[PDB]
$ cat query39.txt   # compact mmCIF, C-alpha atoms
# COMPACT_ATOMS: atom_id res chain seq x y z
CA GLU A 1 -30.35 134.57 122.22
CA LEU A 2 -34.14 134.35 122.39
CA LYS A 3 -33.84 133.65 118.67
CA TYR A 4 -31.40 130.80 119.29
CA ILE A 5 -33.55 129.19 121.98
CA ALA A 6 -36.65 129.58 119.79
CA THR A 7 -34.79 127.92 116.91
CA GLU A 8 -34.34 124.71 118.91
CA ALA A 9 -37.30 124.78 121.27
CA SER A 10 -39.35 125.22 118.09
CA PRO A 11 -42.91 123.94 118.70
CA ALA A 12 -42.65 122.36 115.25
CA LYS A 13 -40.01 120.01 116.70
CA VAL A 14 -41.39 119.61 120.24
CA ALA A 15 -44.64 118.22 118.83
CA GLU A 16 -42.80 115.93 116.39
CA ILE A 17 -40.55 114.24 118.94
CA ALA A 18 -43.44 113.91 121.39
CA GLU A 19 -45.68 112.16 118.85
CA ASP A 20 -42.88 109.81 117.76
CA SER A 21 -42.28 108.59 121.30
CA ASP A 22 -45.93 107.67 121.87
CA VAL A 23 -46.12 105.46 118.78
CA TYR A 24 -43.00 103.58 119.78
CA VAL A 25 -44.42 103.19 123.31
CA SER A 26 -47.57 101.47 122.12
CA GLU A 27 -45.57 99.43 119.65
CA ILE A 28 -43.36 98.02 122.42
CA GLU A 29 -46.04 97.42 125.06
CA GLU A 30 -48.28 95.48 122.68
CA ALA A 31 -45.18 93.61 121.55
CA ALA A 32 -44.91 92.58 125.19
CA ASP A 33 -48.45 91.14 125.27
CA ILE A 34 -47.88 88.97 122.23
CA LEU A 35 -44.69 87.99 124.00
CA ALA A 36 -47.06 86.49 126.63
CA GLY A 37 -49.33 84.79 124.04
CA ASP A 38 -48.85 81.14 125.20
CA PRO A 39 -51.58 81.08 127.94
CA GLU A 40 -53.96 80.42 125.06
CA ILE A 41 -52.15 77.15 124.39
CA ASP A 42 -51.88 76.11 128.04
CA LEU A 43 -55.59 76.69 128.69
CA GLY A 44 -56.38 74.67 125.57
CA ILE A 45 -54.31 71.49 125.45
CA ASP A 46 -55.02 70.51 129.08
CA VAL A 47 -58.66 70.13 130.09
CA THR A 48 -58.31 67.05 132.24
CA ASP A 49 -61.44 66.19 134.26
CA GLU A 50 -60.28 62.84 135.65
CA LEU A 51 -58.43 64.34 138.62
CA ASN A 52 -61.83 65.17 140.09
CA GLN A 53 -61.57 61.57 141.23
CA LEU A 54 -58.13 62.42 142.56
CA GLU A 55 -59.71 65.42 144.26
CA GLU B 1 -43.43 141.61 94.94
CA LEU B 2 -47.23 141.59 95.10
CA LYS B 3 -46.96 140.78 91.39
CA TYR B 4 -44.66 137.83 92.09
CA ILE B 5 -46.89 136.39 94.81
CA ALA B 6 -49.96 136.88 92.61
CA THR B 7 -48.18 135.07 89.77
CA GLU B 8 -47.90 131.89 91.84
CA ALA B 9 -50.85 132.16 94.20
CA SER B 10 -52.87 132.62 91.00
CA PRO B 11 -56.49 131.53 91.63
CA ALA B 12 -56.30 129.86 88.22
CA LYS B 13 -53.79 127.42 89.73
CA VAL B 14 -55.18 127.17 93.27
CA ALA B 15 -58.50 125.91 91.90
CA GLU B 16 -56.77 123.47 89.51
CA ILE B 17 -54.61 121.74 92.11
CA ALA B 18 -57.51 121.60 94.56
CA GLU B 19 -59.83 119.91 92.05
CA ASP B 20 -57.15 117.40 91.02
CA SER B 21 -56.61 116.23 94.59
CA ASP B 22 -60.31 115.50 95.17
CA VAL B 23 -60.60 113.24 92.13
CA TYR B 24 -57.58 111.23 93.19
CA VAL B 25 -59.02 110.99 96.72
CA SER B 26 -62.24 109.40 95.57
CA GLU B 27 -60.34 107.21 93.15
CA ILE B 28 -58.21 105.76 95.96
CA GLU B 29 -60.92 105.35 98.60
CA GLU B 30 -63.25 103.46 96.27
CA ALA B 31 -60.24 101.42 95.19
CA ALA B 32 -60.03 100.46 98.85
CA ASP B 33 -63.63 99.21 98.96
CA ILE B 34 -63.16 96.94 95.96
CA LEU B 35 -60.03 95.85 97.77
CA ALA B 36 -62.48 94.52 100.43
CA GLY B 37 -64.82 92.87 97.87
CA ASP B 38 -64.52 89.24 99.11
CA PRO B 39 -67.25 89.37 101.85
CA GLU B 40 -69.67 88.77 98.99
CA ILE B 41 -68.01 85.39 98.39
CA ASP B 42 -67.80 84.43 102.07
CA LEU B 43 -71.47 85.21 102.69
CA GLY B 44 -72.37 83.16 99.62
CA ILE B 45 -70.45 79.88 99.58
CA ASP B 46 -71.21 79.01 103.23
CA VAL B 47 -74.87 78.83 104.24
CA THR B 48 -74.67 75.80 106.47
CA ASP B 49 -77.84 75.14 108.50
CA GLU B 50 -76.85 71.77 109.97
CA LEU B 51 -74.93 73.25 112.91
CA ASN B 52 -78.29 74.28 114.35
CA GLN B 53 -78.21 70.69 115.57
CA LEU B 54 -74.73 71.41 116.89
CA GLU B 55 -76.17 74.52 118.51
CA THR B 56 -79.23 72.76 119.88
CA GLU B 57 -77.21 69.92 121.43
CA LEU B 58 -74.99 72.54 123.06
CA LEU B 59 -78.15 74.45 123.94
CA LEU B 60 -79.82 71.49 125.59
CA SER B 61 -76.44 70.79 127.18
CA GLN B 62 -76.41 74.40 128.33
CA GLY B 63 -80.08 73.90 129.17
CA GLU C 1 -38.67 113.21 100.95
CA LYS C 2 -42.25 112.09 101.40
CA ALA C 3 -41.80 111.78 105.15
CA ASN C 4 -40.40 115.29 105.11
CA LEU C 5 -43.33 116.10 102.84
CA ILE C 6 -45.73 115.01 105.56
CA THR C 7 -43.35 116.64 108.04
CA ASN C 8 -43.49 119.95 106.18
CA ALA C 9 -47.29 120.04 106.28
CA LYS C 10 -47.23 119.38 109.99
CA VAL C 11 -44.67 122.19 110.26
CA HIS C 12 -46.86 124.77 108.51
CA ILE C 13 -49.72 123.95 110.84
CA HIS C 14 -47.69 125.54 113.62
CA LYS C 15 -47.05 128.74 111.68
CA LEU C 16 -50.72 129.07 110.89
CA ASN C 17 -51.49 128.58 114.55
CA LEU C 18 -48.80 131.09 115.58
CA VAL C 19 -50.35 133.93 113.58
CA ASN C 20 -53.76 133.02 114.98
CA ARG C 21 -52.39 133.91 118.38
CA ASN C 22 -51.09 137.25 117.13
CA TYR C 23 -54.24 138.53 115.47
CA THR C 24 -56.34 137.41 118.41
CA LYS C 25 -54.40 139.87 120.58
CA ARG C 26 -54.83 142.74 118.12
CA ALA C 27 -58.54 142.01 117.89
CA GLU C 28 -58.99 142.69 121.59
CA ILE C 29 -56.68 145.70 121.41
CA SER C 30 -58.90 147.21 118.73
CA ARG C 31 -61.95 146.50 120.86
CA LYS C 32 -60.37 148.31 123.79
CA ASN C 33 -59.80 151.40 121.62
CA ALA C 34 -63.43 151.28 120.50
CA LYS C 35 -64.64 151.16 124.09
CA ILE C 36 -62.46 154.18 124.87
CA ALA C 37 -63.58 156.13 121.80
CA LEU C 38 -67.22 155.60 122.74
CA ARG C 39 -66.37 157.15 126.09
CA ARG C 40 -64.54 159.88 124.20
CA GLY C 41 -67.79 160.43 122.35
CA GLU C 42 -65.70 159.85 119.21
CA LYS C 43 -68.27 157.28 118.12
CA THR C 44 -67.10 157.61 114.52
CA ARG C 45 -63.62 156.39 115.47
CA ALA C 46 -65.19 154.00 117.99
CA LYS C 47 -67.16 152.12 115.36
CA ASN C 48 -64.07 152.29 113.15
CA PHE C 49 -62.08 150.38 115.76
CA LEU C 50 -65.01 147.98 115.80
CA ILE C 51 -64.79 147.81 112.02
CA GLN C 52 -61.09 147.01 112.20
CA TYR C 53 -61.75 144.70 115.16
CA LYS C 54 -64.04 142.38 113.21
CA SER C 55 -61.72 142.81 110.24
CA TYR C 56 -59.40 140.25 111.86
CA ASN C 57 -62.01 137.67 112.87
CA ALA C 58 -62.72 136.67 109.29
CA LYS C 59 -58.99 136.30 108.71
CA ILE C 60 -58.62 134.02 111.72
CA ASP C 61 -61.48 131.88 110.44
CA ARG C 62 -59.77 131.90 107.06
CA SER C 63 -56.73 130.33 108.70
CA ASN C 64 -58.60 127.74 110.80
CA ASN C 65 -60.41 126.35 107.82
CA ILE C 66 -57.21 126.13 105.80
CA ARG C 67 -55.59 124.27 108.69
CA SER C 68 -58.45 121.76 108.97
CA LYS C 69 -58.40 121.24 105.21
CA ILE C 70 -54.73 120.31 105.24
CA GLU C 71 -54.99 118.01 108.27
CA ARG C 72 -57.66 116.06 106.43
CA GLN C 73 -55.47 115.87 103.34
CA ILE C 74 -52.49 114.52 105.28
CA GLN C 75 -54.67 111.71 106.61
CA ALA C 76 -55.69 110.76 103.10
CA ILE C 77 -52.00 110.20 102.35
CA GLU C 78 -51.50 108.22 105.55
CA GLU C 79 -54.49 105.96 104.89
CA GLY C 80 -53.92 105.92 101.15
CA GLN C 81 -50.27 104.92 101.45
CA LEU C 82 -51.04 101.76 103.44
CA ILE C 83 -53.79 100.76 101.01
CA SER C 84 -51.29 100.94 98.16
CA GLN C 85 -48.94 98.46 99.81
CA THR C 86 -51.81 96.12 100.68
CA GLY C 87 -52.53 95.98 96.97
CA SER C 88 -49.01 94.84 96.14
CA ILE C 89 -48.95 91.84 98.48
CA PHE C 90 -52.32 90.73 97.09
CA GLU C 91 -50.52 90.94 93.76
CA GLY C 92 -47.78 88.77 95.25
CA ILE C 93 -50.39 86.24 96.36
CA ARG C 94 -51.88 86.14 92.85
CA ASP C 95 -48.60 85.52 91.06
CA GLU D 1 -33.75 141.52 99.77
CA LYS D 2 -37.47 141.13 100.30
CA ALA D 3 -37.05 141.15 104.06
CA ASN D 4 -35.04 144.32 103.66
CA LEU D 5 -37.79 145.40 101.29
CA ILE D 6 -40.33 145.07 104.08
CA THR D 7 -37.67 146.49 106.40
CA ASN D 8 -37.21 149.55 104.20
CA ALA D 9 -40.92 150.35 104.24
CA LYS D 10 -40.96 150.09 108.01
CA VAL D 11 -37.92 152.39 108.01
CA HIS D 12 -39.61 155.13 105.96
CA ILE D 13 -42.56 155.10 108.34
CA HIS D 14 -40.24 156.58 110.96
CA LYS D 15 -39.04 159.38 108.69
CA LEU D 16 -42.60 160.29 107.83
CA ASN D 17 -43.41 160.35 111.52
CA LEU D 18 -40.30 162.41 112.31
CA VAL D 19 -41.32 165.26 110.00
CA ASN D 20 -44.82 165.15 111.45
CA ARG D 21 -43.29 166.13 114.75
CA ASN D 22 -41.40 169.02 113.17
CA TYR D 23 -44.29 170.67 111.35
CA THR D 24 -46.52 170.28 114.37
CA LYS D 25 -44.15 172.55 116.29
CA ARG D 26 -44.07 175.17 113.53
CA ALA D 27 -47.85 175.12 113.34
CA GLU D 28 -48.13 176.26 116.94
CA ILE D 29 -45.31 178.76 116.47
CA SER D 30 -47.23 180.36 113.62
CA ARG D 31 -50.35 180.45 115.77
CA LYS D 32 -48.44 182.24 118.52
CA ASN D 33 -47.33 184.92 116.04
CA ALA D 34 -50.93 185.35 114.90
CA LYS D 35 -52.11 185.84 118.47
CA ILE D 36 -49.40 188.47 118.94
CA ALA D 37 -50.17 190.25 115.67
CA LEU D 38 -53.84 190.50 116.62
CA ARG D 39 -52.70 192.22 119.80
CA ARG D 40 -50.41 194.35 117.65
CA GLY D 41 -53.52 195.29 115.72
CA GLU D 42 -51.60 194.00 112.67
CA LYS D 43 -54.60 191.85 111.84
CA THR D 44 -53.42 191.58 108.24
CA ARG D 45 -50.22 189.84 109.35
CA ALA D 46 -52.18 188.06 112.09
CA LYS D 47 -54.49 186.31 109.66
CA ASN D 48 -51.44 185.68 107.47
CA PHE D 49 -49.81 183.72 110.29
CA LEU D 50 -53.13 181.92 110.56
CA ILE D 51 -52.97 181.31 106.82
CA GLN D 52 -49.48 179.86 107.12
CA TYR D 53 -50.53 178.05 110.30
CA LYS D 54 -53.23 176.00 108.58
CA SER D 55 -50.89 175.67 105.61
CA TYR D 56 -49.07 172.92 107.52
CA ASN D 57 -52.10 170.98 108.77
CA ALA D 58 -53.01 169.76 105.30
CA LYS D 59 -49.42 168.64 104.81
CA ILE D 60 -49.45 166.67 108.05
CA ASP D 61 -52.66 164.97 106.97
CA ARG D 62 -51.01 164.31 103.63
CA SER D 63 -48.29 162.39 105.46
CA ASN D 64 -50.58 160.43 107.80
CA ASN D 65 -52.65 159.08 104.96
CA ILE D 66 -49.56 158.07 103.01
CA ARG D 67 -48.29 156.26 106.10
CA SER D 68 -51.56 154.36 106.61
CA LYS D 69 -51.64 153.45 102.93
CA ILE D 70 -48.20 151.87 103.10
CA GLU D 71 -48.85 149.99 106.36
CA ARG D 72 -51.85 148.38 104.70
CA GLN D 73 -49.76 147.46 101.68
CA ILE D 74 -47.06 145.81 103.78
CA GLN D 75 -49.71 143.60 105.38
CA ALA D 76 -50.91 142.49 101.97
CA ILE D 77 -47.40 141.18 101.33
CA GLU D 78 -47.24 139.50 104.73
CA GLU D 79 -50.60 137.76 104.28
CA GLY D 80 -50.08 137.22 100.57
CA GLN D 81 -46.68 135.60 101.01
CA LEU D 82 -47.99 132.87 103.32
CA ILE D 83 -50.90 132.14 100.98
CA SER D 84 -48.44 131.56 98.15
CA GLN D 85 -46.57 128.87 100.08
CA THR D 86 -49.82 127.21 101.17
CA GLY D 87 -50.58 126.81 97.49
CA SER D 88 -47.33 124.96 96.82
CA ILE D 89 -47.81 122.26 99.46
CA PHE D 90 -51.33 121.65 98.16
CA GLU D 91 -49.56 121.17 94.85
CA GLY D 92 -47.25 118.70 96.59
CA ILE D 93 -50.27 116.83 97.93
CA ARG D 94 -51.78 116.64 94.44
CA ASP D 95 -48.69 115.23 92.76
CA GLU E 1 -73.49 123.42 121.52
CA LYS E 2 -75.55 120.54 120.16
CA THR E 3 -74.50 121.45 116.62
CA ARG E 4 -70.85 120.80 117.46
CA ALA E 5 -71.92 117.92 119.71
CA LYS E 6 -73.54 115.99 116.89
CA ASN E 7 -70.56 116.96 114.73
CA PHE E 8 -68.22 115.19 117.14
CA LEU E 9 -70.66 112.29 116.91
CA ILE E 10 -70.44 112.56 113.14
CA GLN E 11 -66.66 112.44 113.26
CA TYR E 12 -66.85 109.76 115.96
CA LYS E 13 -68.70 107.27 113.77
CA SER E 14 -66.52 108.43 110.88
CA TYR E 15 -63.76 106.19 112.24
CA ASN E 16 -65.83 103.07 112.96
CA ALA E 17 -66.38 102.34 109.29
CA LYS E 18 -62.65 102.72 108.70
CA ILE E 19 -61.84 100.25 111.47
CA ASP E 20 -64.26 97.77 109.95
CA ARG E 21 -62.62 98.45 106.60
CA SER E 22 -59.33 97.31 108.10
CA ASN E 23 -60.66 94.22 109.91
CA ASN E 24 -62.22 92.83 106.78
CA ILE E 25 -59.06 93.41 104.77
CA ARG E 26 -57.09 91.60 107.47
CA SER E 27 -59.43 88.59 107.46
CA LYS E 28 -59.33 88.48 103.67
CA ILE E 29 -55.55 88.24 103.64
CA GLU E 30 -55.34 85.64 106.41
CA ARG E 31 -57.62 83.42 104.36
CA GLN E 32 -55.48 83.96 101.29
CA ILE E 33 -52.28 83.00 103.10
CA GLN E 34 -53.88 79.71 104.12
CA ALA E 35 -54.75 78.96 100.51
CA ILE E 36 -51.03 79.16 99.74
CA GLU E 37 -50.13 77.00 102.73
CA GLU E 38 -52.65 74.30 101.81
CA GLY E 39 -52.13 74.75 98.10
CA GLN E 40 -48.36 74.41 98.32
CA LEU E 41 -48.50 70.99 99.96
CA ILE E 42 -51.05 69.75 97.43
CA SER E 43 -48.66 70.68 94.62
CA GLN E 44 -45.88 68.52 96.03
CA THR E 45 -48.26 65.61 96.64
CA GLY E 46 -48.98 65.72 92.93
CA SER E 47 -45.31 65.35 92.01
CA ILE E 48 -44.68 62.18 94.02
CA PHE E 49 -47.79 60.62 92.50
CA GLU E 50 -46.10 61.50 89.22
CA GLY E 51 -42.99 59.73 90.50
CA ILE E 52 -45.08 56.66 91.33
CA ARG E 53 -46.56 56.65 87.81
CA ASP E 54 -43.24 56.83 85.99

$ encode --input "query39.txt" --output "structure tokens"
Amino acid sequence: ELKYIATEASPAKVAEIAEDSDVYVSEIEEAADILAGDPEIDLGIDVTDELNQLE
Amino acid sequence: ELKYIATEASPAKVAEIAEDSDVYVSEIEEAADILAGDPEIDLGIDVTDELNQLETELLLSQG
Amino acid sequence: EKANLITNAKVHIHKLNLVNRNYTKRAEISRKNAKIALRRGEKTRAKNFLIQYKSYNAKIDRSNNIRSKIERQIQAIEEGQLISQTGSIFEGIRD
Amino acid sequence: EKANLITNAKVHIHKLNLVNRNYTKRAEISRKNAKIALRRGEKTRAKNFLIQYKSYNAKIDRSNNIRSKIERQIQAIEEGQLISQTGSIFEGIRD
Amino acid sequence: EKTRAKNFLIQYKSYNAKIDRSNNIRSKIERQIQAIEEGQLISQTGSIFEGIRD
């Protein structure tokens, strides 16, 4: 049985499946930040001073 | 069996396949640097001084 | 299976590391026997354990350097493989 | 069956060790007879038991050295066999 | 272990050139996309001026 555990807790496979998860994690989180990319448009198209009179 | 390992771990073949890899490695990496050859055009066609006025008007505006 | 090709290399790295555990243990075991044999006064055998002791260390270093050499050569296929595709889209731009 | 080939060698090591037990016993038995025959005054026979006594010791040493020689030659197939495969993946990298 | 220390530093700056290698290749391709965007509209402009002529 130690052989059968060591077949499938193989450190050759533990390290594979751990590395794969990390790449997908940074792929998804950065794909959330470009999903919030529009602040760069909002801060750009509106620069309106005039309301300092309104202030 | 030592004979059969020594047939295919032959140092005549280990040294061949190691030398071949190194040549292909320098072939590919230098073929990446000529793949980034265009900076020489960008640094050449645009030399535009005039924006030092555009700087200095911003700079006196900042000043 | 080029992925499995890069997989296989990453597999062998673990075997090479596994043996490096094993011989490390035997190295210390041999050193213990040397220390005993000195206290036996069997200094002949004592330095022989020391001879066999340092007989492993070179073999561990032999492994480590072979590991590092293959890690570097994987990376050259990772980096190289993306460069190749970059070249083909620049060919698509040209045509 | 190369595994069984390395298995078989490791098997024979136990036979060689088994006999080394057996002749060790007879060596002391012969020495006991010598000690008696000296006290018999049969010093002829006494030194003959001593002659047969040390007749085994060389044969035990003959075994031990043959054992050590084969253990070393197993290891050269263990280490050698991994080197061979290392060479083939470096061939896979090249191609 | 200042030997190994400067070796980590050697490997450290070993990446920086490779990052710069990427950035410049990125910028080079962005510029070459734009030349197909701008170029493609110019091409069609030429064909309607050909329609005017005929």

$ closest_atom_pairs --input "query39.txt" --of "chain C" --to "chain A" --cutoff "8 Å" --atoms "all atoms listed in the file" --output "CSV"
residue,atom,partner,partner_atom,distance
C:10,CA,A:12,CA,7.6
C:11,CA,A:12,CA,5.4
C:14,CA,A:12,CA,6.2

$ closest_atom_pairs --input "query39.txt" --of "chain C" --to "chain E" --cutoff "9 Å" --atoms "only C-alpha atoms" --output "Markdown table"
| residue | atom | partner | partner_atom | distance |
| --- | --- | --- | --- | --- |
| C:86 | CA | E:25 | CA | 8.8 |
| C:90 | CA | E:29 | CA | 7.7 |
| C:93 | CA | E:32 | CA | 7.4 |

$ interface_residues --input "query39.txt" --of "chain C" --to "chain B" --cutoff "10 Å" --atoms "only C-alpha atoms" --output "mmCIF file with C-alpha atoms, in the coordinates of the input"
data_model
loop_
_atom_site.group_PDB
_atom_site.id
_atom_site.type_symbol
_atom_site.label_atom_id
_atom_site.label_comp_id
_atom_site.auth_asym_id
_atom_site.auth_seq_id
_atom_site.Cartn_x
_atom_site.Cartn_y
_atom_site.Cartn_z
ATOM 1 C CA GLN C 73 -55.470 115.870 103.340
ATOM 2 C CA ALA C 76 -55.690 110.760 103.100
ATOM 3 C CA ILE C 77 -52.000 110.200 102.350
ATOM 4 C CA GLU C 79 -54.490 105.960 104.890
ATOM 5 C CA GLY C 80 -53.920 105.920 101.150
ATOM 6 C CA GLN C 81 -50.270 104.920 101.450
ATOM 7 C CA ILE C 83 -53.790 100.760 101.010
ATOM 8 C CA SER C 84 -51.290 100.940 98.160
ATOM 9 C CA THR C 86 -51.810 96.120 100.680
ATOM 10 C CA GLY C 87 -52.530 95.980 96.970
ATOM 11 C CA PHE C 90 -52.320 90.730 97.090
#

$ calpha_fit_and_write --input "query39.txt" --fixed "chain D" --moving "chain C" --output "mmCIF file with C-alpha atoms, in the frame of the given file"
data_model
loop_
_atom_site.group_PDB
_atom_site.id
_atom_site.type_symbol
_atom_site.label_atom_id
_atom_site.label_comp_id
_atom_site.auth_asym_id
_atom_site.auth_seq_id
_atom_site.Cartn_x
_atom_site.Cartn_y
_atom_site.Cartn_z
ATOM 1 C CA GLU C 1 -33.754 141.525 99.767
ATOM 2 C CA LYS C 2 -37.475 141.135 100.294
ATOM 3 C CA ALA C 3 -37.057 141.148 104.060
ATOM 4 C CA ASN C 4 -35.037 144.317 103.664
ATOM 5 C CA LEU C 5 -37.787 145.405 101.289
ATOM 6 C CA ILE C 6 -40.323 145.070 104.082
ATOM 7 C CA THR C 7 -37.663 146.489 106.401
ATOM 8 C CA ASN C 8 -37.208 149.552 104.200
ATOM 9 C CA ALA C 9 -40.926 150.348 104.247
ATOM 10 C CA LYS C 10 -40.956 150.086 108.007
ATOM 11 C CA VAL C 11 -37.922 152.391 108.006
ATOM 12 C CA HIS C 12 -39.615 155.129 105.968
ATOM 13 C CA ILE C 13 -42.557 155.100 108.340
ATOM 14 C CA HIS C 14 -40.246 156.576 110.958
ATOM 15 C CA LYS C 15 -39.045 159.380 108.697
ATOM 16 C CA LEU C 16 -42.599 160.292 107.836
ATOM 17 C CA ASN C 17 -43.414 160.344 111.518
ATOM 18 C CA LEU C 18 -40.300 162.412 112.306
ATOM 19 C CA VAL C 19 -41.319 165.260 109.999
ATOM 20 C CA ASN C 20 -44.826 165.145 111.450
ATOM 21 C CA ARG C 21 -43.286 166.125 114.751
ATOM 22 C CA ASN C 22 -41.406 169.017 113.169
ATOM 23 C CA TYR C 23 -44.281 170.670 111.348
ATOM 24 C CA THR C 24 -46.526 170.273 114.366
ATOM 25 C CA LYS C 25 -44.148 172.552 116.285
ATOM 26 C CA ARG C 26 -44.065 175.174 113.530
ATOM 27 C CA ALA C 27 -47.848 175.117 113.337
ATOM 28 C CA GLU C 28 -48.133 176.258 116.939
ATOM 29 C CA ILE C 29 -45.311 178.756 116.467
ATOM 30 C CA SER C 30 -47.239 180.354 113.617
ATOM 31 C CA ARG C 31 -50.349 180.447 115.776
ATOM 32 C CA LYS C 32 -48.438 182.237 118.515
ATOM 33 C CA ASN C 33 -47.329 184.921 116.036
ATOM 34 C CA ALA C 34 -50.928 185.351 114.895
ATOM 35 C CA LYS C 35 -52.109 185.838 118.464
ATOM 36 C CA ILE C 36 -49.404 188.472 118.944
ATOM 37 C CA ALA C 37 -50.174 190.257 115.672
ATOM 38 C CA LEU C 38 -53.841 190.507 116.623
ATOM 39 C CA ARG C 39 -52.691 192.222 119.799
ATOM 40 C CA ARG C 40 -50.407 194.353 117.650
ATOM 41 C CA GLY C 41 -53.517 195.290 115.716
ATOM 42 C CA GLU C 42 -51.596 194.006 112.679
ATOM 43 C CA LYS C 43 -54.604 191.851 111.839
ATOM 44 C CA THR C 44 -53.424 191.576 108.238
ATOM 45 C CA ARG C 45 -50.220 189.846 109.350
ATOM 46 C CA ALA C 46 -52.180 188.066 112.092
ATOM 47 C CA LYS C 47 -54.485 186.311 109.654
ATOM 48 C CA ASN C 48 -51.435 185.675 107.473
ATOM 49 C CA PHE C 49 -49.808 183.720 110.293
ATOM 50 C CA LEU C 50 -53.128 181.917 110.554
ATOM 51 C CA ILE C 51 -52.976 181.309 106.816
ATOM 52 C CA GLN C 52 -49.484 179.867 107.121
ATOM 53 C CA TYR C 53 -50.532 178.045 110.302
ATOM 54 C CA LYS C 54 -53.226 175.991 108.584
ATOM 55 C CA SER C 55 -50.892 175.670 105.611
ATOM 56 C CA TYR C 56 -49.068 172.915 107.519
ATOM 57 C CA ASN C 57 -52.099 170.980 108.767
ATOM 58 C CA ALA C 58 -53.012 169.753 105.306
ATOM 59 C CA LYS C 59 -49.418 168.645 104.810
ATOM 60 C CA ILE C 60 -49.447 166.668 108.049
ATOM 61 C CA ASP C 61 -52.663 164.966 106.971
ATOM 62 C CA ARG C 62 -51.008 164.313 103.627
ATOM 63 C CA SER C 63 -48.294 162.394 105.458
ATOM 64 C CA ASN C 64 -50.590 160.430 107.800
ATOM 65 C CA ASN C 65 -52.650 159.087 104.964
ATOM 66 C CA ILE C 66 -49.562 158.070 103.014
ATOM 67 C CA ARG C 67 -48.287 156.262 106.103
ATOM 68 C CA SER C 68 -51.557 154.364 106.616
ATOM 69 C CA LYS C 69 -51.635 153.447 102.933
ATOM 70 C CA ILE C 70 -48.199 151.868 103.102
ATOM 71 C CA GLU C 71 -48.851 149.990 106.356
ATOM 72 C CA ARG C 72 -51.849 148.379 104.703
ATOM 73 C CA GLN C 73 -49.758 147.463 101.676
ATOM 74 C CA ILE C 74 -47.060 145.802 103.781
ATOM 75 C CA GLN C 75 -49.708 143.598 105.377
ATOM 76 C CA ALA C 76 -50.915 142.484 101.976
ATOM 77 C CA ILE C 77 -47.398 141.179 101.331
ATOM 78 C CA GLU C 78 -47.242 139.493 104.728
ATOM 79 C CA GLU C 79 -50.602 137.763 104.278
ATOM 80 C CA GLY C 80 -50.082 137.222 100.570
ATOM 81 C CA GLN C 81 -46.675 135.606 101.015
ATOM 82 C CA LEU C 82 -47.995 132.871 103.320
ATOM 83 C CA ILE C 83 -50.903 132.141 100.979
ATOM 84 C CA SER C 84 -48.437 131.555 98.154
ATOM 85 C CA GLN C 85 -46.569 128.875 100.084
ATOM 86 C CA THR C 86 -49.812 127.208 101.165
ATOM 87 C CA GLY C 87 -50.578 126.809 97.483
ATOM 88 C CA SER C 88 -47.334 124.960 96.818
ATOM 89 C CA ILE C 89 -47.806 122.266 99.463
ATOM 90 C CA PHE C 90 -51.335 121.652 98.161
ATOM 91 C CA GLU C 91 -49.556 121.173 94.848
ATOM 92 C CA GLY C 92 -47.248 118.708 96.590
ATOM 93 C CA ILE C 93 -50.269 116.833 97.933
ATOM 94 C CA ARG C 94 -51.782 116.636 94.437
ATOM 95 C CA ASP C 95 -48.688 115.237 92.759
#

$ closest_residue --input "query39.txt" --among "C:51, C:3, C:58, C:9" --to "chain D" --atoms "only C-alpha atoms"
C:9

$ interface_residues --input "query39.txt" --of "chain C" --to "chain D" --cutoff "9 Å" --atoms "all atoms listed in the file" --output "ChimeraX atom specification"
/C:5,8-9,12,16,66,70,73-74,77

$ closest_atom_pairs --input "query39.txt" --of "chain B" --to "chain E" --cutoff "10 Å" --atoms "only C-alpha atoms" --output "tab-separated table"
residue	atom	partner	partner_atom	distance
B:32	CA	E:21	CA	8.4
B:33	CA	E:21	CA	7.7
B:35	CA	E:25	CA	7.5
B:36	CA	E:25	CA	5.6
B:37	CA	E:25	CA	9.0
B:38	CA	E:28	CA	7.0
B:39	CA	E:24	CA	7.8
B:42	CA	E:28	CA	9.5

$ write_last_selection --input "query39.txt" --atoms "C-alpha atoms" --output "PDB file, in the coordinates of the input"
ATOM      1  CA  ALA B  32     -60.030 100.460  98.850  1.00  0.00           C
ATOM      2  CA  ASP B  33     -63.630  99.210  98.960  1.00  0.00           C
ATOM      3  CA  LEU B  35     -60.030  95.850  97.770  1.00  0.00           C
ATOM      4  CA  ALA B  36     -62.480  94.520 100.430  1.00  0.00           C
ATOM      5  CA  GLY B  37     -64.820  92.870  97.870  1.00  0.00           C
ATOM      6  CA  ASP B  38     -64.520  89.240  99.110  1.00  0.00           C
ATOM      7  CA  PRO B  39     -67.250  89.370 101.850  1.00  0.00           C
ATOM      8  CA  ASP B  42     -67.800  84.430 102.070  1.00  0.00           C
TER       9      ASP B  42
END

$ atom_distance --input "query39.txt" --atom1 "CA of residue 68 (chain C)" --atom2 "CA of residue 15 (chain E)"
16.8 Å

$ atom_distance --input "query39.txt" --atom1 "CA of residue 30 (chain D)" --atom2 "CA of residue 49 (chain D)"
5.4 Å

$ atom_distance --input "query39.txt" --atom1 "CA of residue 4 (chain E)" --atom2 "CA of residue 56 (chain C)"
23.3 Å

$ axis_aligned_box --input "query39.txt" --around "region 5-23 of chain E" --padding-each-side "3 Å" --output "JSON"
{"center_x": -66.4, "center_y": 106.1, "center_z": 113.2, "size_x": 20.2, "size_y": 29.7, "size_z": 19.1}
